[PDB]
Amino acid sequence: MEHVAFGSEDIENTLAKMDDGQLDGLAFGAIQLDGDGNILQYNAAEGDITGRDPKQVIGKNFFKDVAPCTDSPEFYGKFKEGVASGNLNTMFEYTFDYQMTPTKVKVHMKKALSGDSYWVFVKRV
């Protein structure tokens, strides 16, 4: 297992150094998106939470296809403001309820170190 804590202030530095294998060792869900919301990476802990197979969701659009319950001002809207402003770093609670038992989570969205992709981090609450 990888020793990085959910919500660490340098989290994007640590994850920049990891391959696909190491992402699967995190204690929390990790999804990497491009500026359009297409899924670039999706780790095993996130599938454990949502029941999605990471190999099937990679390449799909998070907001249009995989997670329509996040297509809302409070989730997708904050993502789009962050992409546009170049500053994305926010934490909030949310409920995932599309094709799954309604599940309360804490979400941390943050821009990647290179500034051209974006992380969504998820843990149960």
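Sequential numbering from 1, following the sequence displayed.
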| On average, are the C-alpha B-factors higher in 110-118 or in 15-23? | 15-23
| task | Would you tell me which stretch averages the higher CA B-factor in the PDB entry, 79-87 or 26-34? | result | 79-87
| task | Quick one: which of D71, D97, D48, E93 shows the highest Cα temperature factor in the PDB entry? | result | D48
| Entry-reported Cα temperature factor of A5, expressed as the chain third it lands in | middle
| request: Could you say whether, by C-alpha temperature factor, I58 belongs to the lowest, middle or highest third of its chain? | output: highest
